[PDB]
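Report on the structure given below.
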Amino acid sequence: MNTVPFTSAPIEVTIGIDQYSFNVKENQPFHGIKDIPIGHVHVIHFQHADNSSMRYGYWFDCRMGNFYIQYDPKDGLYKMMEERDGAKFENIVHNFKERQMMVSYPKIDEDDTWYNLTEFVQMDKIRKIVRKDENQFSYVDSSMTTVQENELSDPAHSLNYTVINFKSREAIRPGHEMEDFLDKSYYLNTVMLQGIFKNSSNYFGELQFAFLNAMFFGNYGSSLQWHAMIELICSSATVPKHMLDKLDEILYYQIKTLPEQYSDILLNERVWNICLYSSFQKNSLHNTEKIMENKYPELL
Amino acid sequence: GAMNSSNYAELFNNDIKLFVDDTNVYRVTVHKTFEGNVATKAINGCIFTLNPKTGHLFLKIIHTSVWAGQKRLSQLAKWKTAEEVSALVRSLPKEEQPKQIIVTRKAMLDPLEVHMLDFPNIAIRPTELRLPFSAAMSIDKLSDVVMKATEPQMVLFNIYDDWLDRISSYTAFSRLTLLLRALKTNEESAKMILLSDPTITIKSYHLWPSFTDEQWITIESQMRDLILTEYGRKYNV
Ligand SMILES: C[C@H](Oc1ccccc1)C(=O)NN
């Protein structure tokens, strides 16, 4: 189990770690988060008490370095940094643990939620969507726009998700116009899976990461990407049976984890109704359809 | 965006544009089978592609053979339309290709958009106008060439005859839409109006009779009377 220490908490802030969150008061004696489960990526995220504008945070994997959080009063946010001196870091953490100045990552033993939300997400792929190669961790916030968004303005601060566009030459073989527009299997299996993602694990990893950035930061370009990747599978007549079964699981845990009071904005009525009721895979998402109908019957 | 009353004079500016109407592409007669079920029998159809400024109508005849062994024909009809329009554009010299294509029904948008991906600079637009182009098959010479076709065929017609020698495109289009609206609302009366006078003939190379300017005014008046009449007969006013 690993630790992200905090130098201090000089401004009042709600801190998130994965699906957990807690309130820290201005200059409260808080020095970080311990007992963080090894084996998964994580995200530690922030919303200032004073300006709920800009949720921001950092994706990281404790196996890739020792990371801490330090408030920057000039740029006005909590910044993640890597400590290269290993013995310095251990001694800092040990002192904060001895003084019980750290919150414990509060995982219930029965609880596989975070695994199920990040099963296919890998730090190496995150770092290719969020390009900032001098750091082992990746910053994301509410306002960052995606490559596709910028095509329709700062490139270095973009989310480089794979562009999906159903009315594009990439998606539509010359001479197969109707066939490929009404059944997207070509685009799913040959262009995206075989060509771009190489395998369905990488496809699912980007889909999960998009969802997580949508949920945790309200990042609108990410929500667009999550729905696009779902629709591309649902609108393909020919999908590997194992991909469909796993998609149902992935979506099931995403819908389960979404805050109930955010469903109005984070969920696209057209995509879900089409996916669950009109598409080729309308009968292939039993768990997801059951939870959607019992938890958000209004949307449908 | 959408073409409507507010921007109606854009049709007659100097940017090339085509109206595309798919109403008459897939035509059927519905009938009873020996077993008392219901079956359709397709008949030949046409795509109505009109340049509104010049009157040039590219009438692509759709021969019933194109439907053989196909399913979901109403949906195929839209993609077929889009394929044939895209082929037409590609066949035109660059300086003759349209800058905009306006579809009379919104369900042509995605099919045409997808077939014209190769032409990103051609705008595909809907319209809020309820244009009467379905009535093109009430024009006897167009109906006849559609029904006689034994194979796919493109027939080339000027739908304004020689009217542009004497009137503007705006007036020519307004006459045409009034004639077609009349034929659509009461084809029998409309045709009686156009032919009542045996002395006014249709030239071999034309579609409509050779009316003088004065006679066109009488004709136009009679067609408006018809459209109000039927509007009363239909609504009891
Ligand atoms: C020759 C003249 O012009 C065209 C007419 C329609 C489309 C293209 C050309 C015509 O009325 N031929 N019948």
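Counting starts at 1 for both ligands and their atoms, following the listed order. So you know, we letter chains A, B, ... as the sequences are listed, proteins then strands, and number each from 1. Side chains are part of it too, since the values below use all heavy atoms of this structure and drop only hydrogens, waters and symmetry mates.
Take A:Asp245 and apply the side-chain contact (heavy atoms from CB on, under 4.5 Å) test, not counting sequence neighbours, and it matches no residue.
Near ligand 1, residues B:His56, B:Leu57, B:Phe58, B:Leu156, B:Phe157, B:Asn158 each place a heavy atom inside the 4.0 Å sphere around the ligand atoms.
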Considering only distance and modelled atom types, tabulate donor-acceptor pairs under 3.5 Å from the side chains of residues 191-202 of chain B, sequence neighbours left out.
residue	atom	partner	partner atom	Å
B:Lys191	NZ	B:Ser138	O	3.1
B:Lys191	NZ	B:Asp140	OD1	2.8
B:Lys191	NZ	B:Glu187	OE2	3.4
B:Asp197	OD1	B:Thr199	N	2.9
B:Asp197	OD1	B:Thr199	OG1	2.7
B:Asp197	OD2	B:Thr199	OG1	3.3
B:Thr201	OG1	B:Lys203	NZ	2.8

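A salt bridge does not link B:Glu230 to B:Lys184: none of the charged nitrogens lies less than 4.0 Å from a carboxylate oxygen.
Among all heavy-atom pairs drawn from B:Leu207 and B:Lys141, the shortest one is CD2-CB, 3.9 Å.
Legend: ring-ring contact (aromatic ring centres under 6.0 Å, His included) pairs involving residues 57-102 of chain B, not counting sequence neighbours, sorted by first then second residue: A:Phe181-B:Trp79, B:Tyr26-B:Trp67, B:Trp79-B:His115.
Side-chain N/O atoms of A:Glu170 and A:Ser168 include a donor and acceptor closer than 3.5 Å.
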